[PDB]
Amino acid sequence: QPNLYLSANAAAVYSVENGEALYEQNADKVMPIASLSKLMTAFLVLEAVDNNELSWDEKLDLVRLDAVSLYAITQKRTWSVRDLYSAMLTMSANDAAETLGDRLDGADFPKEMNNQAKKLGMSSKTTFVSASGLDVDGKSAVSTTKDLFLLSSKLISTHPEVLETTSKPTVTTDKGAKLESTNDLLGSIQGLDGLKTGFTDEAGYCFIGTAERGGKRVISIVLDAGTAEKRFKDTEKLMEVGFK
């Protein structure tokens, strides 16, 4: 049970095969999660396509934010559902995430996120507030590492194709737009193919990682590391523990 000396305030790594913790630090602590919220949006986008309620080719106009935004970078407002989903997962474009949630359930999308959270076994310490994880009316999206593990594991087992997108260091859209991934560990740790970064002043630097080697998948959670690099340094330590 050796200490890792992590930057993160809360961190953990779990085996997917049995859901068991291999390392835990403040695993029950309620923590701001910010852009990690986009994994729930991704889950609900994928449920919508499967349920014949959403088309990958439907074109949508980016909602305007009050943040990293797809519109500002490109000056293009109209995007397919596919590209909005890629932008949300790769570059963490808030306006992309909010456009997807609004198409799915309008104003009622946070209620749908928390409905789904309870459905996937996440504890009542989890609260989503928005499709992007941006604060809403001063309230913040919060969760625990244990709850984030359950979300991620359910997302990967229910929709394994999420990793087809999260494993790409660059997603190039059909019309040539190159969306650069925030996951700098891709191509560095063997088997790593996800999952999602986040950062606010309050949440610090966060990252949910996942890797698989020889049938064994692990999911790592890093919350409130001190720099953009340190959340990845913590992930390397956790990923070493996960495959020991």
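For the two forms, the rigid core is made up of the largest set of C-alpha atoms that agree within 1.5 Å on superposition. Numbers follow the displayed sequence, beginning with 1.
Using the rigid core for superposition, please say which stretch has the greater CA deviation in 4 other deposited structures of this protein, 166-174 or 80-88.
Of the two stretches, the larger average C-alpha offset in 4 other deposited structures of this protein falls on 166-174.
Count, per the entry, the deposited residues between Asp66 and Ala67 that are not modelled, and return the matching class: none, 1 to 3, 4 to 9, or 10 or more.
In the deposited sequence, 1 to 3 residues between these two have no coordinates.
When the C-alpha temperature factors are averaged for each of 223-231 and 17-25, which stretch ends up with the higher value in the entry?
Per the PDB entry, the higher value belongs to 17-25.
Taking the mean of the C-alpha B-factors per stretch from the entry, tell me the winner out of 82-90 and 115-123.
The recorded data point to 115-123.
Quick one: which of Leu100, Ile73, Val162, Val136 shows the highest Cα temperature factor in the PDB entry?
Highest C-alpha B-factor among the listed options: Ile73.
Per the PDB entry, maximal CA B factor within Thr173, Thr166, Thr158, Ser152
Reading the PDB entry, the winner on C-alpha B-factor is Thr173.
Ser181 CA temperature factor, ranked by third within the chain:
Ranked within chain, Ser181 CA B lands in the lowest tercile.
When the deposited Cα B-factors of this chain's modelled residues are ordered and cut into thirds, is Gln190 in the lowest, the middle or the highest one?
Answer is highest: the recorded C-alpha B-factor places it there.
Can you tell me which third, lowest, middle or highest, the CA B-factor of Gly215 falls into for its chain?
Within its chain, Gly215 is a highest-third residue by C-alpha B-factor, going by the deposited values.
Would the CA B-factor of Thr41 place it in the lowest, middle or highest third of its chain?
For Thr41, whose C-alpha B-factor we compare with every modelled residue in the chain, the answer is the lowest third.
Looking at the temperature factor on the CA atom of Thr197, which third of the chain's modelled residues does it land in?
Lowest third, going by the recorded CA B-factors of the chain.
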